[PDB]
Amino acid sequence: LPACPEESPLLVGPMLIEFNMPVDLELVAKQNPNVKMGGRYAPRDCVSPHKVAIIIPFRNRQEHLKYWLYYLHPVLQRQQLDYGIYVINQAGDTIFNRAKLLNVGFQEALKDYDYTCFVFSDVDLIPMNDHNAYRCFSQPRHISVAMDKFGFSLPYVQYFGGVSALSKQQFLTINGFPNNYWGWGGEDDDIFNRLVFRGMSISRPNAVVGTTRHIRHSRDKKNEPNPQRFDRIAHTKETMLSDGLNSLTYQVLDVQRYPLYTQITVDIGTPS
C-alpha cells in the first residue's frame, strides 16, 4: 500500500456540533463499520504515518464519552489515522488524578501497538473543524485552542490544557506528565513548563480551525481545586527530573475491549 497523502483529501472543514440528543453506541458502531474491536482503525487504502493512541482521563463520564465517540470517530477516520481509543478509568472514589491517568494511558497503549503519537484529550471536548489534526508534529501540539467556554480564544498564551498531542519522543523527553497533581488544576501548566524546559515550543492550528466545543457540565465530586498547584508549577524544572514516567506505578484492575474503545480500569492510588 502506498503512503496516505500528507494531508487528508477527505476533510470537510467546519462541522455542526450538538449535545442535545441521546446517543446509542450500538448505532454509532453501526455507522462506523470500519472501526474494529477496542476502537481501532487504520485506512485500508493507504499507510498512515500517524500511529496515534488517543488517551482520555476518565471517571463517571459515560454520557460525555458517548458524545465524544459519536463525533470523534468519523473525524479520526477522515484524517486517515492509524489510531486507537483508550479510556483510562480511575478505580475507586478517592481524589481524581488526571495527569497520572494520562501516564498510565501512554504506558498501557504502548503494550498494544507501536504507537508513536499520543493525543491526550478531556472527555468533554469536541473539535468543530476536522482540519484540526489529531496527530503529532515536530513540536508538542496544542489542539483545543479556541474553546467556546473561553470565548473561542486561548485563556492565556501559555495555556496547554484540554486536548494536546505529543509524539512518543516528546513525551519521553519530558519524563511524561507529573504524577502528583491530585484534584483539579495546574497539571497542564506543569506540562507546558516541562516542554519549555526541554527546549520545545507549542505548535497550534489557527483559531478558526481550532474551534472546540466544551460540553457544559457541573463540578464532579472528588476533584476539588488543588491548593498546592500554584506552588507545584513553580518547581517543575526540578520536580520533572524525578516525578513522572520514571516514578510511576499503578495496578490495572481490568481491560475492557468495547467496539468503539478500550477501557483500562486502573488503581492509581492516593497521595503519598
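Here the rigid core means the biggest group of C-alpha atoms that line up within 1.5 Å when the two forms are laid on top of each other. So that there is no doubt, residue numbering starts at 1 and follows the sequence shown.
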item	value
Larger mean CA deviation from the shown form in 5 other deposited structures of this protein [core fit; 183 to 191 vs 156 to 164]	183 to 191
Positional deviation of Cα atoms in 5 other deposited structures of this protein after core superposition, greater for 226 to 234 or 239 to 247	226 to 234
Residue 44 left out of the model in a third or more of other PDB entries	no
Residue 219 dropped from a third or more of the other entries of this protein	yes
Higher-B stretch (mean Cα B-factor, as the entry records it), 205 to 213 or 227 to 235	227 to 235
Given 260 to 268 and 18 to 26, the range whose Cα B-factors average higher in the PDB entry	18 to 26
Candidate residues 92, 105, 162, 178, the one whose C-alpha B factor the record puts highest	92
Residue 148, C-alpha B-factor rank within chain (lowest, middle or highest third)	middle
Lowest, middle or highest third - CA B-factor, residue 124	middle
B-factor third for the C-alpha atom of residue 184 within its chain	highest
Assigned third (lowest, middle, highest) for the C-alpha B factor of residue 241	middle
Record-listed C-alpha B factor of residue 52: chain third	lowest
